[PDB]
$ cat my_file_16.txt   # compact mmCIF, C-alpha atoms
# COMPACT_ATOMS: atom_id res chain seq x y z
CA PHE A 5 62.20 68.99 115.71
CA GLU A 6 65.40 66.87 115.40
CA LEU A 7 66.93 69.04 112.66
CA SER A 8 65.94 72.26 114.43
CA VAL A 9 67.28 71.01 117.76
CA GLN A 10 70.52 69.97 116.09
CA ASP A 11 70.85 73.49 114.57
CA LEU A 12 70.57 74.99 118.07
CA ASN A 13 73.06 72.53 119.53
CA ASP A 14 75.48 73.50 116.73
CA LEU A 15 75.33 77.11 117.96
CA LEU A 16 76.12 76.00 121.56
CA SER A 17 78.86 73.37 121.12
CA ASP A 18 82.68 73.74 121.23
CA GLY A 19 83.42 71.57 118.20
CA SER A 20 84.96 68.69 120.18
CA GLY A 21 81.45 67.26 120.85
CA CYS A 22 81.34 69.19 124.20
CA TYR A 23 79.63 72.35 125.57
CA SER A 24 81.49 74.92 127.67
CA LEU A 25 80.37 75.11 131.30
CA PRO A 26 79.71 78.51 133.07
CA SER A 27 82.89 80.47 133.76
CA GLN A 28 81.15 82.67 136.38
CA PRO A 29 78.36 82.14 138.95
CA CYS A 30 76.09 84.83 137.45
CA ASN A 31 75.85 86.84 134.20
CA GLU A 32 73.65 89.71 133.04
CA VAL A 33 72.53 88.06 129.81
CA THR A 34 70.32 90.90 128.56
CA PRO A 35 69.76 94.28 130.30
CA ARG A 36 68.41 93.76 133.86
CA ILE A 37 68.06 89.96 133.32
CA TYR A 38 70.60 87.82 135.18
CA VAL A 39 71.13 84.06 134.88
CA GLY A 40 73.00 82.23 137.64
CA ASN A 41 73.58 79.21 139.85
CA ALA A 42 72.47 78.01 143.29
CA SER A 43 75.41 79.70 145.02
CA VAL A 44 74.41 83.19 143.89
CA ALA A 45 70.71 82.57 144.61
CA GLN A 46 71.63 81.75 148.22
CA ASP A 47 73.95 84.79 148.60
CA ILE A 48 71.66 87.65 149.60
CA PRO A 49 74.54 90.18 150.10
CA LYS A 50 75.68 89.54 146.52
CA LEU A 51 72.12 89.91 145.17
CA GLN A 52 71.73 93.22 147.04
CA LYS A 53 75.02 94.49 145.54
CA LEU A 54 73.78 93.63 142.00
CA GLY A 55 70.51 95.41 142.86
CA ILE A 56 68.33 92.33 142.31
CA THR A 57 64.66 93.00 143.08
CA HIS A 58 63.13 89.71 141.83
CA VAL A 59 64.26 86.07 141.96
CA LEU A 60 62.79 83.27 139.82
CA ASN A 61 64.04 79.91 141.08
CA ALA A 62 63.64 77.49 138.15
CA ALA A 63 64.99 74.58 140.20
CA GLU A 64 62.95 74.81 143.42
CA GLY A 65 63.17 71.61 145.48
CA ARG A 66 65.00 69.47 148.02
CA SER A 67 67.37 67.28 145.96
CA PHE A 68 70.99 67.85 144.93
CA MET A 69 69.65 68.98 141.50
CA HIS A 70 67.42 71.60 143.14
CA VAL A 71 67.67 74.80 145.16
CA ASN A 72 65.88 74.60 148.49
CA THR A 73 64.79 78.23 148.83
CA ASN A 74 61.36 79.79 149.34
CA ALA A 75 59.68 83.19 149.92
CA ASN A 76 60.76 83.00 153.57
CA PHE A 77 64.44 82.91 152.57
CA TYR A 78 64.04 86.32 150.94
CA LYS A 79 61.56 87.87 153.41
CA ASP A 80 63.79 90.51 155.04
CA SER A 81 65.71 91.38 151.84
CA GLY A 82 62.78 93.05 150.06
CA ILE A 83 63.27 90.64 147.10
CA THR A 84 60.14 89.29 145.36
CA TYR A 85 60.32 85.50 144.88
CA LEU A 86 58.76 82.93 142.55
CA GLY A 87 59.65 79.23 142.47
CA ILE A 88 59.15 76.59 139.77
CA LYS A 89 59.94 73.02 140.80
CA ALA A 90 61.40 71.99 137.45
CA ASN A 91 63.57 68.97 136.81
CA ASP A 92 66.31 69.08 134.17
CA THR A 93 65.11 66.14 132.06
CA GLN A 94 64.07 65.85 128.42
CA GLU A 95 60.61 64.75 129.64
CA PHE A 96 59.91 67.72 131.95
CA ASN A 97 57.28 70.00 130.32
CA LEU A 98 58.91 73.34 131.14
CA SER A 99 56.84 74.96 128.34
CA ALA A 100 53.79 74.76 130.69
CA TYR A 101 55.62 77.44 132.70
CA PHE A 102 56.73 79.76 129.86
CA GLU A 103 53.77 82.14 130.29
CA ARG A 104 54.07 82.30 134.08
CA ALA A 105 57.82 82.88 133.88
CA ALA A 106 57.52 85.52 131.14
CA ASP A 107 54.88 87.29 133.26
CA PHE A 108 57.21 87.31 136.28
CA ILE A 109 60.11 88.72 134.23
CA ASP A 110 57.68 91.34 132.84
CA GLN A 111 56.55 92.16 136.41
CA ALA A 112 60.19 92.75 137.33
CA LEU A 113 61.19 94.79 134.25
CA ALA A 114 57.96 96.84 133.99
CA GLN A 115 59.43 99.23 136.59
CA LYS A 116 62.69 100.68 135.30
CA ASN A 117 64.58 99.93 138.53
CA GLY A 118 63.72 96.22 138.50
CA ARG A 119 66.37 93.53 138.03
CA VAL A 120 65.58 89.82 137.94
CA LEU A 121 67.76 86.79 138.58
CA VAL A 122 66.42 83.70 136.84
CA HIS A 123 68.47 80.83 138.31
CA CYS A 124 68.55 77.05 138.53
CA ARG A 125 71.20 74.72 140.04
CA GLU A 126 73.95 75.66 137.54
CA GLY A 127 72.31 78.41 135.40
CA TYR A 128 72.83 76.08 132.43
CA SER A 129 69.58 74.38 131.27
CA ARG A 130 66.38 75.26 133.19
CA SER A 131 66.87 79.00 133.84
CA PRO A 132 68.29 79.85 130.34
CA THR A 133 65.32 78.08 128.70
CA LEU A 134 62.87 80.40 130.55
CA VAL A 135 64.88 83.51 129.63
CA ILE A 136 65.01 82.48 125.94
CA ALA A 137 61.24 81.86 125.92
CA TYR A 138 60.67 85.28 127.49
CA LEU A 139 62.82 86.97 124.81
CA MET A 140 60.81 85.17 122.11
CA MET A 141 57.38 85.81 123.64
CA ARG A 142 57.92 89.36 124.95
CA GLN A 143 60.78 90.79 122.84
CA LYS A 144 59.83 89.18 119.52
CA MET A 145 63.24 87.47 119.05
CA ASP A 146 63.30 84.23 117.06
CA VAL A 147 64.76 81.30 118.99
CA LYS A 148 68.10 81.33 117.17
CA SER A 149 68.68 85.03 117.84
CA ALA A 150 67.51 84.75 121.47
CA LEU A 151 69.62 81.67 122.23
CA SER A 152 72.62 83.26 120.50
CA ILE A 153 72.49 86.47 122.57
CA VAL A 154 72.14 84.54 125.83
CA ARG A 155 74.99 82.17 124.87
CA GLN A 156 77.20 85.14 124.01
CA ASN A 157 76.82 86.33 127.63
CA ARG A 158 76.82 82.99 129.53
CA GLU A 159 77.82 79.39 128.78
CA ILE A 160 74.46 77.56 128.57
CA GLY A 161 73.23 74.15 127.40
CA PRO A 162 69.43 73.52 127.57
CA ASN A 163 68.64 69.80 127.30
CA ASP A 164 67.29 68.67 123.91
CA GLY A 165 63.73 68.38 125.24
CA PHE A 166 63.78 72.03 126.36
CA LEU A 167 65.27 73.00 122.97
CA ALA A 168 62.46 71.08 121.18
CA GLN A 169 59.93 72.98 123.34
CA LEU A 170 61.57 76.27 122.31
CA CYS A 171 61.39 75.18 118.66
CA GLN A 172 57.67 74.44 119.07
CA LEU A 173 57.20 77.86 120.65
CA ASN A 174 59.12 79.50 117.82
CA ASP A 175 56.88 77.77 115.24
CA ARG A 176 53.74 79.03 116.99
CA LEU A 177 55.02 82.62 117.35
CA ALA A 178 56.31 82.74 113.75
CA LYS A 179 52.97 81.39 112.49
CA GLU A 180 51.10 84.08 114.47
CA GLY A 181 53.40 86.81 113.08
CA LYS A 182 54.81 87.70 116.55
CA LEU A 183 58.55 87.51 115.67
CA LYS A 184 60.65 90.36 114.18
CA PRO A 185 62.03 89.63 110.65

$ encode --input "my_file_16.txt" --output "structure tokens"
Amino acid sequence: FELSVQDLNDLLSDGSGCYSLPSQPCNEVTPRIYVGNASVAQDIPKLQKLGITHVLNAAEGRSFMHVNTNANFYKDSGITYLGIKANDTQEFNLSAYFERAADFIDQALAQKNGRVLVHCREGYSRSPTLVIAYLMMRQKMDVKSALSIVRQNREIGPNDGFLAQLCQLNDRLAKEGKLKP
């Protein structure tokens, strides 16, 4: 998937060999789907003002590269929580979680009032990968189109391993005739 990964990186990069970082803590990247950082995840007043009903923490954990939240954190707020203890490394098999994450986003959006924040530490690699996979798996977008729409609404940069996993997913969905031409 080297060529395919490189094609995706070419859509993300700034043409100096660099990738823009997020200019805001949180963005609505497609209708009722928000991607954001640790700061917004831990700011319940802000979440309530955006009308967030569901939070998917794609960086759950105790290190400086994780967000140390849990169901308890959200208990009084009426927000439904799911955590995935992912690491942002090329070796981490985030694709094992694509179904679970896509199901959680579907659970949130199935009711018309639902709004989901999918967040990680920076809203840059882990959480955008899960949103892109959801758009592919549930909205029949090919990876290039899905990545492009998310990148138009938030500066993202999934690590090359995550991008390879998305390319593998795209191959499978395209093969099975589940993507829109």

$ residues_around --input "my_file_16.txt" --residues "residue 106 of chain A" --least-positions-apart "4" --cutoff "8 Å" --atoms "only C-alpha atoms" --output "list in words"
residues 102, 110, 134, 135, 137, 138, 141 and 142 of chain A

$ closest_residue --input "my_file_16.txt" --among "A:39, A:160, A:122, A:112" --to "residue 24 of chain A" --atoms "all atoms listed in the file"
A:160

$ closest_residue --input "my_file_16.txt" --among "A:45, A:9, A:60, A:33" --to "residue 166 of chain A" --atoms "only C-alpha atoms"
A:9

$ atom_distance --input "my_file_16.txt" --atom1 "atom CA of residue 25 of chain A" --atom2 "atom CA of residue 77 of chain A"
27.7 Å

$ atom_distance --input "my_file_16.txt" --atom1 "atom CA of residue 70 of chain A" --atom2 "atom CA of residue 31 of chain A"
19.6 Å

$ closest_residue --input "my_file_16.txt" --among "A:116, A:127, A:35, A:82" --to "residue 159 of chain A" --atoms "all atoms listed in the file"
A:127

$ residues_around --input "my_file_16.txt" --residues "residue 13 of chain A" --least-positions-apart "5" --cutoff "9 Å" --atoms "all atoms listed in the file" --output "PDB file with C-alpha atoms, in the frame of the given file"
ATOM      1  CA  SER A   8      65.940  72.260 114.430  1.00  0.00           C
ATOM      2  CA  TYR A  23      79.630  72.350 125.570  1.00  0.00           C
ATOM      3  CA  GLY A 161      73.230  74.150 127.400  1.00  0.00           C
ATOM      4  CA  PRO A 162      69.430  73.520 127.570  1.00  0.00           C
ATOM      5  CA  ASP A 164      67.290  68.670 123.910  1.00  0.00           C
ATOM      6  CA  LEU A 167      65.270  73.000 122.970  1.00  0.00           C
TER       7      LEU A 167
END

$ closest_residue --input "my_file_16.txt" --among "A:29, A:88, A:71, A:83" --to "residue 56 of chain A" --atoms "all atoms listed in the file"
A:83

$ residues_around --input "my_file_16.txt" --residues "residue 118 of chain A" --least-positions-apart "6" --cutoff "12 Å" --atoms "all atoms listed in the file" --output "list in words"
residues 35, 36, 37, 38, 54, 55, 56, 57, 58, 59, 83, 84, 108, 109, 110, 111 and 112 of chain A

$ closest_residue --input "my_file_16.txt" --among "A:86, A:75, A:30, A:48" --to "residue 132 of chain A" --atoms "all atoms listed in the file"
A:30

$ atom_distance --input "my_file_16.txt" --atom1 "atom CA of residue 90 of chain A" --atom2 "atom CA of residue 64 of chain A"
6.8 Å

$ closest_residue --input "my_file_16.txt" --among "A:76, A:26, A:69, A:46" --to "residue 157 of chain A" --atoms "only C-alpha atoms"
A:26

$ residues_near_point --input "my_file_16.txt" --point "(54.9, 86.8, 113.1)" --cutoff "12 Å" --atoms "only C-alpha atoms" --output "JSON, numbers by chain"
{"A": [140, 141, 144, 145, 146, 173, 174, 175, 176, 177, 178, 179, 180, 181, 182, 183, 184, 185]}

$ residues_around --input "my_file_16.txt" --residues "residue 87 of chain A" --least-positions-apart "2" --cutoff "8 Å" --atoms "all atoms listed in the file" --output "list in words"
residues 60, 61, 62, 63, 64, 74, 85 and 89 of chain A

$ axis_aligned_box --input "my_file_16.txt" --around "segment 62-69 of chain A" --padding-each-side "6 Å" --output "lines of an AutoDock Vina configuration file"
center_x = 67.0
center_y = 72.4
center_z = 143.1
size_x = 20.0
size_y = 22.2
size_z = 21.9

$ decode --input "my_file_16.txt" --residues "segment 14-50 of chain A" --atoms "N, CA, C and O atoms" --output "PDB file, in the first residue's frame"
ATOM      1  N   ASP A  14      -0.294  12.910  -0.042  1.00  0.00           N
ATOM      2  CA  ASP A  14      -0.246  14.034  -0.966  1.00  0.00           C
ATOM      3  C   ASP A  14      -1.495  14.899  -0.857  1.00  0.00           C
ATOM      4  O   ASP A  14      -1.398  16.099  -1.063  1.00  0.00           O
ATOM      5  N   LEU A  15      -2.636  14.331  -0.464  1.00  0.00           N
ATOM      6  CA  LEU A  15      -3.834  15.121  -0.265  1.00  0.00           C
ATOM      7  C   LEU A  15      -3.806  15.890   1.072  1.00  0.00           C
ATOM      8  O   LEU A  15      -4.574  16.826   1.241  1.00  0.00           O
ATOM      9  N   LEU A  16      -2.969  15.463   2.022  1.00  0.00           N
ATOM     10  CA  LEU A  16      -2.929  16.041   3.359  1.00  0.00           C
ATOM     11  C   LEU A  16      -1.866  17.145   3.479  1.00  0.00           C
ATOM     12  O   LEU A  16      -1.992  18.041   4.319  1.00  0.00           O
ATOM     13  N   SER A  17      -0.757  17.032   2.753  1.00  0.00           N
ATOM     14  CA  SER A  17       0.447  17.797   3.036  1.00  0.00           C
ATOM     15  C   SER A  17       0.359  19.222   2.487  1.00  0.00           C
ATOM     16  O   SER A  17      -0.535  19.486   1.690  1.00  0.00           O
ATOM     17  N   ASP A  18       1.289  20.082   2.933  1.00  0.00           N
ATOM     18  CA  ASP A  18       1.275  21.533   2.714  1.00  0.00           C
ATOM     19  C   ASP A  18       2.316  21.931   1.670  1.00  0.00           C
ATOM     20  O   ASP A  18       2.508  23.123   1.409  1.00  0.00           O
ATOM     21  N   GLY A  19       3.017  20.937   1.126  1.00  0.00           N
ATOM     22  CA  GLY A  19       3.881  21.171  -0.024  1.00  0.00           C
ATOM     23  C   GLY A  19       5.266  21.703   0.363  1.00  0.00           C
ATOM     24  O   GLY A  19       6.100  21.941  -0.502  1.00  0.00           O
ATOM     25  N   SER A  20       5.518  21.871   1.667  1.00  0.00           N
ATOM     26  CA  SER A  20       6.864  22.053   2.191  1.00  0.00           C
ATOM     27  C   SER A  20       7.403  20.780   2.846  1.00  0.00           C
ATOM     28  O   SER A  20       8.412  20.865   3.535  1.00  0.00           O
ATOM     29  N   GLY A  21       6.738  19.625   2.657  1.00  0.00           N
ATOM     30  CA  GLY A  21       7.049  18.408   3.405  1.00  0.00           C
ATOM     31  C   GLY A  21       6.416  18.301   4.806  1.00  0.00           C
ATOM     32  O   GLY A  21       6.799  17.415   5.574  1.00  0.00           O
ATOM     33  N   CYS A  22       5.441  19.176   5.117  1.00  0.00           N
ATOM     34  CA  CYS A  22       4.836  19.332   6.433  1.00  0.00           C
ATOM     35  C   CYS A  22       3.303  19.232   6.303  1.00  0.00           C
ATOM     36  O   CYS A  22       2.765  19.156   5.215  1.00  0.00           O
ATOM     37  N   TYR A  23       2.606  19.105   7.441  1.00  0.00           N
ATOM     38  CA  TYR A  23       1.177  18.844   7.493  1.00  0.00           C
ATOM     39  C   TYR A  23       0.618  19.822   8.505  1.00  0.00           C
ATOM     40  O   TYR A  23       1.183  19.923   9.595  1.00  0.00           O
ATOM     41  N   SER A  24      -0.393  20.621   8.114  1.00  0.00           N
ATOM     42  CA  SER A  24      -0.901  21.650   9.004  1.00  0.00           C
ATOM     43  C   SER A  24      -1.470  20.979  10.238  1.00  0.00           C
ATOM     44  O   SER A  24      -2.019  19.889  10.139  1.00  0.00           O
ATOM     45  N   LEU A  25      -1.263  21.614  11.393  1.00  0.00           N
ATOM     46  CA  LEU A  25      -1.829  21.148  12.654  1.00  0.00           C
ATOM     47  C   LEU A  25      -3.238  21.734  12.830  1.00  0.00           C
ATOM     48  O   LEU A  25      -3.531  22.776  12.245  1.00  0.00           O
ATOM     49  N   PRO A  26      -4.093  21.195  13.723  1.00  0.00           N
ATOM     50  CA  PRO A  26      -5.429  21.769  13.970  1.00  0.00           C
ATOM     51  C   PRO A  26      -5.408  23.226  14.432  1.00  0.00           C
ATOM     52  O   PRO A  26      -4.642  23.592  15.338  1.00  0.00           O
ATOM     53  N   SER A  27      -6.232  24.037  13.760  1.00  0.00           N
ATOM     54  CA  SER A  27      -6.373  25.454  14.057  1.00  0.00           C
ATOM     55  C   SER A  27      -7.467  25.722  15.086  1.00  0.00           C
ATOM     56  O   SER A  27      -7.631  26.853  15.557  1.00  0.00           O
ATOM     57  N   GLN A  28      -8.251  24.699  15.445  1.00  0.00           N
ATOM     58  CA  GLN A  28      -9.267  24.823  16.487  1.00  0.00           C
ATOM     59  C   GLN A  28      -9.356  23.553  17.318  1.00  0.00           C
ATOM     60  O   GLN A  28      -9.055  22.490  16.819  1.00  0.00           O
ATOM     61  N   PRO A  29      -9.861  23.599  18.570  1.00  0.00           N
ATOM     62  CA  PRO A  29      -9.912  22.380  19.372  1.00  0.00           C
ATOM     63  C   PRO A  29     -10.862  21.303  18.865  1.00  0.00           C
ATOM     64  O   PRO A  29     -10.656  20.122  19.157  1.00  0.00           O
ATOM     65  N   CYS A  30     -11.920  21.718  18.143  1.00  0.00           N
ATOM     66  CA  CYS A  30     -12.998  20.825  17.731  1.00  0.00           C
ATOM     67  C   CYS A  30     -13.594  21.309  16.404  1.00  0.00           C
ATOM     68  O   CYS A  30     -13.747  22.521  16.216  1.00  0.00           O
ATOM     69  N   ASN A  31     -13.917  20.384  15.478  1.00  0.00           N
ATOM     70  CA  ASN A  31     -14.616  20.738  14.260  1.00  0.00           C
ATOM     71  C   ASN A  31     -15.740  19.731  14.003  1.00  0.00           C
ATOM     72  O   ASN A  31     -15.569  18.529  14.222  1.00  0.00           O
ATOM     73  N   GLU A  32     -16.885  20.219  13.518  1.00  0.00           N
ATOM     74  CA  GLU A  32     -17.884  19.342  12.926  1.00  0.00           C
ATOM     75  C   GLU A  32     -17.401  18.958  11.532  1.00  0.00           C
ATOM     76  O   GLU A  32     -17.344  19.788  10.605  1.00  0.00           O
ATOM     77  N   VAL A  33     -17.031  17.688  11.327  1.00  0.00           N
ATOM     78  CA  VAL A  33     -16.326  17.345  10.095  1.00  0.00           C
ATOM     79  C   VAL A  33     -17.297  16.837   9.036  1.00  0.00           C
ATOM     80  O   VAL A  33     -17.025  16.966   7.845  1.00  0.00           O
ATOM     81  N   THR A  34     -18.385  16.213   9.483  1.00  0.00           N
ATOM     82  CA  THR A  34     -19.557  15.926   8.669  1.00  0.00           C
ATOM     83  C   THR A  34     -20.755  16.130   9.592  1.00  0.00           C
ATOM     84  O   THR A  34     -20.574  16.286  10.798  1.00  0.00           O
ATOM     85  N   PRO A  35     -21.998  16.261   9.082  1.00  0.00           N
ATOM     86  CA  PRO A  35     -23.114  16.626   9.945  1.00  0.00           C
ATOM     87  C   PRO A  35     -23.255  15.699  11.149  1.00  0.00           C
ATOM     88  O   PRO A  35     -23.336  14.494  10.971  1.00  0.00           O
ATOM     89  N   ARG A  36     -23.237  16.306  12.345  1.00  0.00           N
ATOM     90  CA  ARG A  36     -23.428  15.701  13.659  1.00  0.00           C
ATOM     91  C   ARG A  36     -22.244  14.809  14.066  1.00  0.00           C
ATOM     92  O   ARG A  36     -22.338  14.137  15.110  1.00  0.00           O
ATOM     93  N   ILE A  37     -21.125  14.875  13.333  1.00  0.00           N
ATOM     94  CA  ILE A  37     -19.890  14.172  13.716  1.00  0.00           C
ATOM     95  C   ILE A  37     -18.782  15.206  13.954  1.00  0.00           C
ATOM     96  O   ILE A  37     -18.398  15.961  13.040  1.00  0.00           O
ATOM     97  N   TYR A  38     -18.321  15.263  15.213  1.00  0.00           N
ATOM     98  CA  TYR A  38     -17.274  16.202  15.608  1.00  0.00           C
ATOM     99  C   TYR A  38     -15.970  15.461  15.850  1.00  0.00           C
ATOM    100  O   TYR A  38     -16.003  14.405  16.436  1.00  0.00           O
ATOM    101  N   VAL A  39     -14.843  16.066  15.459  1.00  0.00           N
ATOM    102  CA  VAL A  39     -13.528  15.546  15.806  1.00  0.00           C
ATOM    103  C   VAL A  39     -12.785  16.622  16.607  1.00  0.00           C
ATOM    104  O   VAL A  39     -12.776  17.795  16.234  1.00  0.00           O
ATOM    105  N   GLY A  40     -12.127  16.213  17.698  1.00  0.00           N
ATOM    106  CA  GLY A  40     -11.514  17.165  18.603  1.00  0.00           C
ATOM    107  C   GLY A  40     -10.414  16.578  19.479  1.00  0.00           C
ATOM    108  O   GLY A  40     -10.065  15.406  19.384  1.00  0.00           O
ATOM    109  N   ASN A  41      -9.895  17.429  20.365  1.00  0.00           N
ATOM    110  CA  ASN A  41      -8.722  17.129  21.159  1.00  0.00           C
ATOM    111  C   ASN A  41      -9.114  16.836  22.606  1.00  0.00           C
ATOM    112  O   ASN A  41     -10.293  16.802  22.959  1.00  0.00           O
ATOM    113  N   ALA A  42      -8.100  16.610  23.438  1.00  0.00           N
ATOM    114  CA  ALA A  42      -8.307  16.205  24.827  1.00  0.00           C
ATOM    115  C   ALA A  42      -8.988  17.303  25.650  1.00  0.00           C
ATOM    116  O   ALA A  42      -9.760  17.028  26.596  1.00  0.00           O
ATOM    117  N   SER A  43      -8.684  18.551  25.274  1.00  0.00           N
ATOM    118  CA  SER A  43      -9.173  19.720  25.989  1.00  0.00           C
ATOM    119  C   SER A  43     -10.693  19.764  25.881  1.00  0.00           C
ATOM    120  O   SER A  43     -11.386  19.918  26.880  1.00  0.00           O
ATOM    121  N   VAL A  44     -11.223  19.543  24.677  1.00  0.00           N
ATOM    122  CA  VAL A  44     -12.659  19.642  24.477  1.00  0.00           C
ATOM    123  C   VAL A  44     -13.378  18.454  25.096  1.00  0.00           C
ATOM    124  O   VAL A  44     -14.487  18.616  25.623  1.00  0.00           O
ATOM    125  N   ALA A  45     -12.763  17.271  25.014  1.00  0.00           N
ATOM    126  CA  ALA A  45     -13.305  16.065  25.634  1.00  0.00           C
ATOM    127  C   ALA A  45     -13.510  16.249  27.143  1.00  0.00           C
ATOM    128  O   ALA A  45     -14.452  15.704  27.726  1.00  0.00           O
ATOM    129  N   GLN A  46     -12.606  17.016  27.775  1.00  0.00           N
ATOM    130  CA  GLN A  46     -12.634  17.190  29.215  1.00  0.00           C
ATOM    131  C   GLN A  46     -13.381  18.468  29.622  1.00  0.00           C
ATOM    132  O   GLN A  46     -13.312  18.866  30.782  1.00  0.00           O
ATOM    133  N   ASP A  47     -14.122  19.075  28.691  1.00  0.00           N
ATOM    134  CA  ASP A  47     -14.825  20.339  28.920  1.00  0.00           C
ATOM    135  C   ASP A  47     -16.326  20.117  28.733  1.00  0.00           C
ATOM    136  O   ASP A  47     -16.902  20.382  27.672  1.00  0.00           O
ATOM    137  N   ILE A  48     -16.961  19.588  29.791  1.00  0.00           N
ATOM    138  CA  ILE A  48     -18.345  19.149  29.715  1.00  0.00           C
ATOM    139  C   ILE A  48     -19.241  20.336  29.363  1.00  0.00           C
ATOM    140  O   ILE A  48     -20.082  20.210  28.485  1.00  0.00           O
ATOM    141  N   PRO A  49     -19.102  21.531  29.984  1.00  0.00           N
ATOM    142  CA  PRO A  49     -19.895  22.691  29.563  1.00  0.00           C
ATOM    143  C   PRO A  49     -19.867  22.945  28.059  1.00  0.00           C
ATOM    144  O   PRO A  49     -20.908  23.186  27.447  1.00  0.00           O
ATOM    145  N   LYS A  50     -18.678  22.873  27.455  1.00  0.00           N
ATOM    146  CA  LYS A  50     -18.552  23.078  26.019  1.00  0.00           C
ATOM    147  C   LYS A  50     -19.318  22.001  25.229  1.00  0.00           C
ATOM    148  O   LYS A  50     -20.019  22.297  24.254  1.00  0.00           O
TER     149      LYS A  50
END
